[PDB]
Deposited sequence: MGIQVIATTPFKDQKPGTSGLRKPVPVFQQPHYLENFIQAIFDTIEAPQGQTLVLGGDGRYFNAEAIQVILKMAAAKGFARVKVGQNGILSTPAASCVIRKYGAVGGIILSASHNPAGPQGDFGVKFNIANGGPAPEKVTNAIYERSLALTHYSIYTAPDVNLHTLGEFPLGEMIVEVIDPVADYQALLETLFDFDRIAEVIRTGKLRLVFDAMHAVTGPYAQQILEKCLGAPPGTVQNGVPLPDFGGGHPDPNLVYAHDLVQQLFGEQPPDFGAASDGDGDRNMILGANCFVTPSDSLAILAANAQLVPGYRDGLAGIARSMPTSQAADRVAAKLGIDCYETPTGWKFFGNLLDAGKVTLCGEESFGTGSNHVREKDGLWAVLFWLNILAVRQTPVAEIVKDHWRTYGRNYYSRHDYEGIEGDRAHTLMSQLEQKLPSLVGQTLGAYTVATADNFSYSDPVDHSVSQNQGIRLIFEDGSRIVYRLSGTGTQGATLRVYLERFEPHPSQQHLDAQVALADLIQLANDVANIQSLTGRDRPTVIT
């Protein structure tokens, strides 16, 4: 029936934030809510005349209706083409791959699972730009501001386009191209790893399967790549997990793939992958550099040192990896409690790590627990845990950080118990490419032995959450198999005393311990 203007009135918090806009499903279902936000996104694209927009999601209730509205508004925008997943399915690494391959203007990912942290049951709309990665803050603020001042939006009224079978289909002047959700992405992964040799180590079935991000071993992408392509037994893809550190403590007929999966923390997994990267096709020539978010443990640092490559320390976010990967300063990167990835895409990638690991296991022909034990043997172990103090009263948390910041200059050089202070600062990051400076990114106590304490404040705007990161470095192999909270007891006592956590927040116990 054609292009129409639809009058609308603004909504209140269409402010995206880190992983795009996340709200309960009834909130996105409000009349014109999705349309307002999607109009705000499209209003940041100035010359859509010949461009392509990537669109997909994860199945979840409401995705189907949303994908139809987005398609219809894209048609009204004037995009040449929308590459949309079969049945509206596209993972975040896939969309990043697809955007990058075909030079698309950007994408819209309908997911709230790539990032597990968040109220479960929420609906999410993520906007990725031309480089294949998340939209920078300058762009998400732009969207939020537009969402507050819009009087109308444009949409192409027409009946829904079927996405069950592949092909090109007309919608206005626009092409709706339905793509195999996995083909391009599996291709990229095949350029990175020896799929043949990963099939073998699955065949023999004597080793466990290792992963470092939640949900990496679930869903259609794991199913098609691990099960139908690489020959993993049915049932391998959905606790069903054992922790790598448990298997290392234990060190002191049936297939193992199909059994439990070994979880390695992103902090340690990033170090190990970087240490064994030259065993796989995708990184034979070596790494350009490593990057990690500041609170991620220093495990990868010690590998970069011995390798002779630089290691960048960025503020929390897969945001800041983008400029370093594009510039070629960095090949591998990871984020504590989120996962790992490389420059093959611009987002965290859970299968990419699972396959990486499977390819490491096939070449070195040895179980995970022993690989980890060797890594610690060679580089030392970076004992690492986070303590979360959730829902601190607003400005009590800000008094804590303020009092601590004041004390930091006099901390330098002093010896507190067993730990001598080498650096006590407020983290700031100056981008080696943008020259954009980020400030107040957290308080660091860095000790001369390699150990570390870090304080950050989260959820400012909401209660606030105090996150305390505890890192003890242990070079002695005889000391590398303790319980993390036992190993970290002395650092935990120090972190609490110097910041006066109990005195200024009234909390005797972390809300969460990881």
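According to the record, no C-alpha positions are given for deposited positions 239 to 252, 267 to 281, 492, numbered from 1.
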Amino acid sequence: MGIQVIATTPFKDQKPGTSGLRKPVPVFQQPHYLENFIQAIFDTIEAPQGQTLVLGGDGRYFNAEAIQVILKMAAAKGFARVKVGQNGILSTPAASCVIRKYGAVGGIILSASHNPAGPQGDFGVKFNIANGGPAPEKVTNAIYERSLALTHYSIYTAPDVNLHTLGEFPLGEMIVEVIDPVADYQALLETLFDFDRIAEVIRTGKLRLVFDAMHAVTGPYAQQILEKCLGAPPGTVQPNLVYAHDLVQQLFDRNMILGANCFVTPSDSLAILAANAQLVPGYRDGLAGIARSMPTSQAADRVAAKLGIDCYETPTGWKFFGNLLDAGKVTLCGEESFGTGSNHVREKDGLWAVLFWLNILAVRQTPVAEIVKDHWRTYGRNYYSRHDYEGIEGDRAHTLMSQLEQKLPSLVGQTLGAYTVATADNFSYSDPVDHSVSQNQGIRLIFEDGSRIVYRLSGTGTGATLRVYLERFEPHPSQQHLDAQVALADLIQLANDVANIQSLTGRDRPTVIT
From here on, numbers count along this sequence of modelled residues.
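Of the two segments examined, 253 to 261 and 350 to 358, it is 253 to 261 that shows the higher average Cα temperature factor in the deposited entry. Once the C-alpha B-factors are averaged per stretch, 400 to 408 and 225 to 233 rank with 225 to 233 first. Of the candidates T366, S428, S297, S154, the PDB record gives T366 the highest C-alpha temperature factor. The PDB entry gives the largest Cα B-factor of the residues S147, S91, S269, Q238 to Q238. Remark: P31 belongs to the middle third of its chain, ranked by C-alpha B-factor as recorded. Per the PDB record, residue ranking by Cα B-factor puts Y243 in the highest third of the chain. When the modelled residues of the chain are ordered by their C-alpha B factor, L488 lands in the lowest third. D160: CA B factor lies in the middle third for its chain, per the PDB record. Ranked by C-alpha B-factor against the other modelled residues of its chain, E335 falls in the lowest third.
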